[PDB]
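Novice: Below is the sequence, then the experimental coordinates.
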Amino acid sequence: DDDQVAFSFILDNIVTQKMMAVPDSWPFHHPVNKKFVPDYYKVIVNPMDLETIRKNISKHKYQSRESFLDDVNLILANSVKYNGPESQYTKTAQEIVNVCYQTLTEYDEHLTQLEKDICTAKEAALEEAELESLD
Ligand SMILES: C=CCCn1cc(-c2cccc(C(=O)N(C)C)c2)c2cc[nH]c2c1=O
């Protein structure tokens, strides 16, 4: 019964205790304010930041590590575009990504089981809803 809450607990703690704790990671903590970076949204069409990922986790957006990791990757790809691949901002984004992968590997077996159990439950609840409607 608590599989989504347990899955989201793991990912949120990766974000707050690992990824946010990367030194000098503040540029990625919150969405960019165009009063501080005026051309940002002229260049980045698909913005992402760690606060937005935490809100997504709190609403149980992610049911797999792949979908979480798509947003984490978007932070790195956006830094490569906006700042260049050799900018210090990109080097800090790349550390955020690597600490996320290394921390996730600490929970590999447990997250593999949670993703299967969350899928099994969603499939069962879908079939129930379909049968209740036809009847
Ligand atoms: C979430 C990803 C954006 C990462 N990021 C951030 C900034 C930056 C600098 C100063 C203030 C702020 C800001 O708006 N706040 C709310 C702290 C943001 C920046 C400046 C040049 N390149 C970048 C860059 O890529």
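Specialist: It's in. Numbers count the residues shown, from 1 in each chain.

Novice: Does stretch 43-59 reach the ligand?
Specialist: Yes. Contact of stretch 43-59 with the ligand (C-beta under 6 Å from any ligand atom) involves residue 49. For the C-beta atoms, the positions are set from N, CA and C on the backbone; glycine is no exception.

Novice: Now do the buried residues in stretch 67-77.
Specialist: 68-69, 71-72, 74-76 (16 or more other C-beta atoms under 10 Å).

Novice: can you map out the strands along the protein?
Specialist: With DSSP state E as the definition, the chain shows no strands.

Novice: Run through the residues of it sitting next to the ligand.
Specialist: Applying C-beta under 6 Å from any ligand atom, we find that the chain lies next to the ligand at 27-28, 30, 32-33, 36-37, 49, 79, 82-83, 89.

Novice: thought residue 27 was touching residue 88?
Specialist: No. Judged on C-beta atoms under 8 Å, residue 27 makes no contact with residue 88 at a distance of 9.6 Å.

Novice: So if I had to pick from those two, which one is more boxed in?
Specialist: More crowded of residue 27 and residue 88, by other C-beta atoms under 10 Å: residue 27, with 17 against 12.

Novice: Contacts only, for that one.
Specialist: Each residue near residue 27 by C-beta atoms under 8 Å, 6 or more residues apart in numbering is listed here: 89, 92.
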